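The next block holds one structure in the form of structure tokens; read it before the comments.
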Amino acid sequence: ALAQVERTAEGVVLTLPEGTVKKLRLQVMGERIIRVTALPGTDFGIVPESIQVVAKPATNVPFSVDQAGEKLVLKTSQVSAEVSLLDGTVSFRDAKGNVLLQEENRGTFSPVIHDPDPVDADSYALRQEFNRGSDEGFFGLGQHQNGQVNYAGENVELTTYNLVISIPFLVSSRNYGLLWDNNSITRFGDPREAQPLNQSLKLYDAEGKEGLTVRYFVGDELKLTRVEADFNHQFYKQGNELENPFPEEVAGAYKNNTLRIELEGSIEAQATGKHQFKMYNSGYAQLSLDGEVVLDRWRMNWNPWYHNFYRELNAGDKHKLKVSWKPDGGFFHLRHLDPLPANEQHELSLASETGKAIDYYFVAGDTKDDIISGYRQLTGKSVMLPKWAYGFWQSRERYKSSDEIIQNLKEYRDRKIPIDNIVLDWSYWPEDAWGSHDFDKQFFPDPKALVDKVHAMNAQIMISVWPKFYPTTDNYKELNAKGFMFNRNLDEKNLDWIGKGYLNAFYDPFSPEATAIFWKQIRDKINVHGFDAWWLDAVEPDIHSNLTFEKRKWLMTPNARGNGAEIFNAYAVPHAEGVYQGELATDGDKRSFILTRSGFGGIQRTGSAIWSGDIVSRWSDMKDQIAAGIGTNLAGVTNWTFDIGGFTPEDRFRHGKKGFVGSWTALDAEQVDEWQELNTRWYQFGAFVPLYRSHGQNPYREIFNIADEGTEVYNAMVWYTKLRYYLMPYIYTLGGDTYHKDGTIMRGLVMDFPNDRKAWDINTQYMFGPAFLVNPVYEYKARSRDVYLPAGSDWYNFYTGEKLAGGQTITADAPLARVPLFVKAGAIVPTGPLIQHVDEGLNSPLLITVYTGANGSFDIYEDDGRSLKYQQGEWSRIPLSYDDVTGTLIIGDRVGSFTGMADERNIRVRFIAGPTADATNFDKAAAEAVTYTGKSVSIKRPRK
Ligand SMILES: [Cl-]
Ligand SMILES: [Cl-]
Ligand SMILES: [Cl-]
Ligand SMILES: [Cl-]
Ligand code: NI
Ligand code: NI
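Be aware that the sequence shown starts at 522, since it is given in this note's numbering, and climbs by one per residue.
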């Protein structure tokens, strides 16, 4: 009983005889990309227009269809798919006959459970399985906060949060990746949602009585002791009202911050294998297992998150559990998952909560870059950001007046510390008019002048705009009358945090007609004043902070695309797309910039960067941003950033004996050391991510507010800011590469060392472009760190010039002032003169630094940095090629030309071969000078 085959112009459609999947479509999307759609029905038309994919089936791509016996082969020059005519399972081999991806079954459809809203008759819970018993490494998937780089063998929840961004693009150690084209909440690994502690474990209290012992304290005093199965204070139901309230006795201690708690008991897993544990919390929490600490975390009360770890447990054993949670007003819940079936332990699994079909894209590629490029091809080119966006950004939550912004920008300039951009956060409008986009006349009397003064200092300014509107405002009213307001937040009477609290709602971005009004409102009221960029905050959305995720789903129902759940991950894309499109409409020659706090497949097509949101000034959090950036980049989204120093510091840092802590001078003596060391190490890390940006709540975050002029830490911070600008020719080349070469800036070691398994798992190093191996110091008071030098390359210590071999893990010198940096032998690194902002360095003189010991290649990308002319071919490359055997650097014929490009360039070349005291002394280094005119010239390396 074999399937009928229909030969389409884009591939095949198999009609399966039995099983829940009735039809299976293969679509050739490009030379290396095949779409796979398993349908429990006969009408592919029931499947929604992609929010992620803008790419249509290819017309110019040759492909063959061969059929014989029980298999049906569909192949291109680069990819072949082998489908069984028996069950419908697809098998992908490369162009040279190797199994890259095998489907197990044909999928598992089942009822939609996690949707609070009435479900479409033809919607289902999706799940596809692949490659059982694989040794594969897995990467990408987006920005996550649990330290994973290689996801193999573990779970990821691809939900949407303040701190989390799902990009369902999975990259393999092998030569392929896939795009899971579902807009709802999706899960990698375990299909299930982590249940309460008590669902797959038996609980024993303090004595051993078969739930946990929950002691309640007010300060140090013991006030109650009962036992509960599921200790749960995870969510608000309504406004500031917990879902489960605190006992009569201490209901008061919660509000005043004296309440503290302890859990005590024992857990006995009932199955043998690897268990997952998740501690969802605010305030101070420490989980202890077996008389030893496993987790120690803290977060601001209003932005909790999950903190995870995996243990190997035996079915009969009992282990001792102790927790200590000082809620300081926040939330708590412990979750857990028990080991999956035996055959599913080592396999690839993807499942969504609602959809009409299993829909994904197989993407083949000989290198990881090639695979990102297939992602870029499906979801849209990552459009050029303006050049200034890769400069330093100074933000605060918040500058309170036109005066303050201009004062802080002037301080940088006065101190000759480089800076391109300053940011105006929320609350510049009249308090009772969020959504009006007006400027409070008390603090911001002349916005055009404010922008004008910023611009006169050769800087750019960005401004916050939410999707949030008060029903009192005209702008709300306009949107509401077209039916485009998400009004359930109003019925629920949810007040925000401003003053006595205001009623408020979020618009519905899933209609282009809706986003066109949105843009026209902000165009009419903000764009006319000439702001450079849009900080599109709160685009998860976070309509009301801390409600359940079902309630969050319920709140965006109805939207243009159906239920809240059917699109839980996709809000940021249609939204940013609307702003991008209006900008193009208004100024068809300038580059827009958007920073937005959430994404999904395709976000990069809106000229948007993302950041990880409200993280906390903690070391655990700085460490975790490494994997967060890595996974985002390997997901296909490179322009990424975070808050240097974290969004919210603990209270010890904000308030002191001297009152409100603005400058570090107002800190409690004992606190200064750590605040200065945290920011020093974080600024170091920050200068080596795609966007370099200081922001957060008090204390103030300008370099001169973190420490005094002349001190070690001030000097270390100024230095890396300066380095960032010295490196701008290198960096902005990455910048151009993101678009023209479908490039990726923040690189997981697997991209550049894919044959090195040890490198796969590393979660605290990475490649910053092709040359730099970045190794942030993430431990308070550490003055060295272990650093793995990947095999197959030699490495130079960037600062000293000492040359080490790879294949080893060194103990790298990491004094406070320096983050361990190593250059890959064979790198060609261009630097420019010291500049204070990107345009100053246009057409600048170059130092070309060649790190000998291997061949090298770097093409310097240059253009005007601001315009769209690059799209009509207005840009240039200056090709650099280095042969280690001849010791010769060829600076090739200049390719291209753009408006305002200099024909002549003063370029000087030097070669590092081992230790040199001038390793970073760019201005004074011995270098051979060249007057380059676009014509190829050669520079020999010095003798012996
Ligand atoms: Cl200037
Ligand atoms: Cl200037
Ligand atoms: Cl200047
Ligand atoms: Cl200048
Ligand atoms: Ni201007
Ligand atoms: Ni200047």
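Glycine is no exception: its CB is placed at the ideal position from the N, C-alpha and C atoms.
{"Asked": "Near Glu999, what residues of its chain come up, given a Cβ to Cβ distance below 8 Å and the 5 sequence neighbours on each side ignored?", "Found": "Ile1038 and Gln1042"}
{"Asked": "Kindly provide the ranges of any alpha helix (DSSP H) runs that are 4 or more residues long and lie completely inside the region 900–985, ordered along the chain.", "Found": "923–935 and 968–977"}
{"Asked": "Got a sec? Which residues, its chain only, sit under 8 Å from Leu930 by beta carbon, not counting five neighbours each side?", "Found": "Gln915, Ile940, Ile943, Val975, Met978 and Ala980"}
{"Asked": "Classify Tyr991 as helix, strand or coil using the three-state DSSP reduction.", "Found": "coil"}
{"Asked": "Where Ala1450 and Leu1355 are concerned, what is the direct C-alpha to C-alpha distance, given to the nearest angstrom?", "Found": "18 Å"}
{"Asked": "Please determine whether the Cβ atom of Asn1364 lies at a distance below 8 Å from any heavy atom of ligand 4.", "Found": "no"}
{"Asked": "So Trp1075 and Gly1085 are supposed to be a Cβ contact under 8 Å. How far apart are they, rounded?", "Found": "6 Å"}
{"Asked": "Would you check whether ligand 7 has a heavy atom nearer than 8 Å to the C-beta of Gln981?", "Found": "In the structure shown, ligand 7 is absent; the only ligands present are ligand 1, ligand 2, ligand 3, ligand 4, ligand 5 and ligand 6."}
{"Asked": "Can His1176 be considered in contact with ligand 1, in the sense that its beta carbon sits closer than 8 Å to one or more heavy atoms?", "Found": "no"}
{"Asked": "Could you check if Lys1014 is buried or exposed, using at least 16 other CB atoms within 10 Å of its CB as the buried criterion?", "Found": "exposed"}
{"Asked": "Regarding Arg934 and ligand 2, is the C-beta to nearest heavy atom distance less than 8 Å?", "Found": "yes"}
{"Asked": "For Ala1280, which residues from the same chain have a beta carbon less than 6 Å from its beta carbon, with the 5 sequence-adjacent residues on both sides left out?", "Found": "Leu1270, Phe1274 and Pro1311"}
{"Asked": "Tell me which same chain residues have a C-beta within less than 7 Å of the C-beta of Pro1250, skipping the five on either side of it?", "Found": "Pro1351, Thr1352, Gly1353, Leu1367 and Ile1381"}
{"Asked": "Can you have a look at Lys1243 and say buried or exposed, based on whether 16 or more other CB atoms are within 10 angstroms of its CB?", "Found": "buried"}
{"Asked": "Just to confirm, does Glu1361 get its C-beta within under 8 Å of one of the non-hydrogen atoms of ligand 4?", "Found": "yes"}
{"Asked": "Express the C-alpha separation of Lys744 and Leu808 in angstroms, rounding to a whole number.", "Found": "21 Å"}
{"Asked": "Just checking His1358 against ligand 1 - is the residue's beta carbon closer than 8 Å to any of the ligand's heavy atoms?", "Found": "yes"}
{"Asked": "Taking the CB atoms as reference points, tell me whether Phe798 and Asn835 lie closer together than 9 Å.", "Found": "no"}
{"Asked": "Is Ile1428 helix, strand or coil by DSSP?", "Found": "strand"}
{"Asked": "So is the beta-carbon of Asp967 under 8 Å away from any non-hydrogen atom of ligand 5?", "Found": "no"}
{"Asked": "Does the distance between the C-beta of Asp973 and the nearest non-hydrogen atom of ligand 5 fall short of 8 Å?", "Found": "yes"}
{"Asked": "Identify which residue in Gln599, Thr1437, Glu1361 and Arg1387 has its Cα closest to the Cα of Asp1108.", "Found": "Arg1387"}
{"Asked": "Alpha carbons only, please: which of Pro632, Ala1148 and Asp638 is nearest the one belonging to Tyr645?", "Found": "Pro632"}
{"Asked": "Any heavy atom of ligand 2 within a distance shorter than 8 Å of the CB on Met905?", "Found": "no"}
{"Asked": "Could you tell me the distance, in whole angstroms, from the CA atom of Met800 to the CA atom of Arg1044?", "Found": "43 Å"}
{"Asked": "Does ligand 5 have a heavy atom nearer than 8 Å to the CB of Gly1051?", "Found": "yes"}
{"Asked": "What does the alpha-carbon distance come out to for the pair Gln1102 and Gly661?", "Found": "28 Å"}
{"Asked": "From this set, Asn1001, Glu1098, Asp887 and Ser870, which residue's C-alpha is nearest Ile879's C-alpha?", "Found": "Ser870"}
{"Asked": "Quick check on DSSP: helix, strand or coil for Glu865?", "Found": "coil"}
{"Asked": "So, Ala1346 versus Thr1321, is the Cβ gap smaller than 9 Å?", "Found": "no"}
{"Asked": "Report buried or exposed for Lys1302, applying the criterion of at least 16 other Cβ atoms within 10 angstroms of its Cβ.", "Found": "exposed"}
{"Asked": "Between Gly851 and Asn802, is the Cβ-Cβ spacing less than 9 Å?", "Found": "yes"}
{"Asked": "Assign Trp1396 to buried or exposed, taking buried as 16 or more other Cβ atoms, counted over all protein chains shown, within 10 Å of its Cβ.", "Found": "buried"}
{"Asked": "Can you give the beta carbon distance from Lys617 to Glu603, rounded, assuming they're within the 8 Å contact cut?", "Found": "Between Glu603 and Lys617 the Cβ distance is about 14 Å, and since that is not below 8 Å, they are no contact."}
{"Asked": "Does the distance from the C-beta atom of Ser903 to that of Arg1126 stay below 9 Å?", "Found": "yes"}
{"Asked": "Suppose contacts are defined by Cβ-Cβ distances below 9 Å. Is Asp1135 in contact with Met821 by that definition?", "Found": "yes"}
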